[PDB]
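Single chain ahead, by itself, as structure tokens, in the form deposited in one PDB entry.
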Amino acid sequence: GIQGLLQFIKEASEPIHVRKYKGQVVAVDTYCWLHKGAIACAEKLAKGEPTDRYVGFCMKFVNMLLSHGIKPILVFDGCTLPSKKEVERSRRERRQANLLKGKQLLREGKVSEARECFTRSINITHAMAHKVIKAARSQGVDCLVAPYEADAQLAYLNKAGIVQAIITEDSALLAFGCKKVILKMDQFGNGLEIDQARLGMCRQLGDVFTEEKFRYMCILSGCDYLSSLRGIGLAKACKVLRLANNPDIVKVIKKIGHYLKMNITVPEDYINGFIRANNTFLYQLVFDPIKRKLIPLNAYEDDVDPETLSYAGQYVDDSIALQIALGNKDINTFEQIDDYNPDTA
């Protein structure tokens, strides 16, 4: 997710009800419900005590969608993307230390203080996601396990016309080139929709708004692939892109100080950090449900080299990708975990 992105675009959003998508297909960033559902049972979850509470939470939102005659597609995160293996590292350690403090430091005697820590040490495993897939499948709800980030997978589904909108809490999905995003949707269907169409109404990126620039803005402000330089946020990011004349972005990156009337040096490893991050947004591997084949979110254009795009997801045989997408294989060990058949009835 991009920090403070939603406030920034708070004007391109119309309050809606999910009802408008009756008869239509809607993709879901299931992680959001999984996390919210994991909060209610933070204790049981942290101490490794058995629980199914989070499953019933996701299904509550599923049933609401069905009751409105909406066809949901639950999408799940797949493999750890190398571009994020860096940031995930820092997050692995936070849950690591956070769990421990709460676990015994507040276990003895009083407990009120500790739970605040367990909620911050919540881990959404693949085991937890598989339970939700099982529950959804039994009710005829489609589930899809992204090769890597659900974010890319969701964006693709929306672009391909497979789904009419995406349900999530993450505004950053628009940077992946998705068309419609439903935020803050409650259990009753009340949501806050943001259409990419109303997103071009912005003039903070210059006279001509561009998806390309919006993406640069998000990266410069800082994201999961590349942290921002000290003192750079969305507003400053807009200024640079807004003021900058020259098309090559790398030329502009070293020019930011010149643009921002501010004095700062851009490290060489940062230059590459922006090149990778940008390519990750563009060409992150996703799964095409129709042709059942691994494809980059965006088709490789005039000049690229897929062989150098290892950080944006490594290719694997299409049969291996299908089995992961279906939920029939473990992400890490590729062991059998299910036998769902998509080609029946």
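By rigid core we mean the largest C-alpha set that fits within 1.5 Å across both forms. Start at 1 and count along the sequence shown; that's the residue number.
- The mean C-alpha temperature factor is higher for 97-105 when 219-227 and 97-105 are set side by side.
- If you average the C-alpha B-factors over 162-170 and over 109-117, the higher value belongs to 109-117.
- Comparing the listed residues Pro289, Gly313, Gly69, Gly48, the entry records the largest Cα B-factor for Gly48.
- Residue-level inspection of the entry shows that, of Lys184, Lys236, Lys261, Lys134, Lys261 has the top Cα B-factor.
- Remark: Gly177 belongs to the middle third of its chain, ranked by C-alpha B-factor as recorded.
- The PDB entry assigns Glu149 a C-alpha temperature factor belonging to the lowest third of its chain's modelled residues.
- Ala38 sits in the middle third of its chain by CA B factor, as recorded in the PDB entry.
- Among the modelled residues of the chain, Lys60 sits in the lowest third by CA temperature factor in this PDB entry.
- Among the modelled residues of its chain, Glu88 has a C-alpha B-factor that falls in the highest third, as given in the PDB entry.
There is another form of the same protein, the form deposited in another entry; it is not shown, and what comes next is about it.
- Looking at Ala172, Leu183, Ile124, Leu106 after a core superposition between the shown form and the other one, you find that only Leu106 has a C-alpha shift of 2 Å or more.
- After superposing the rigid core, the Cα of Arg94 is displaced by less than 2 Å between the shown form and the other one.
- Relative to the superposed core, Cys202 shifts its CA atom by 2 Å or more between the shown form and the other one.
- Compared with the form shown here, the Cα atoms of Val208 and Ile275 sit 3 Å or more closer together in that other deposited form.
- Inter-residue distance, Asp207 to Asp170 (Cα): reduced by at least 3 Å in that other deposited form versus the depicted form.
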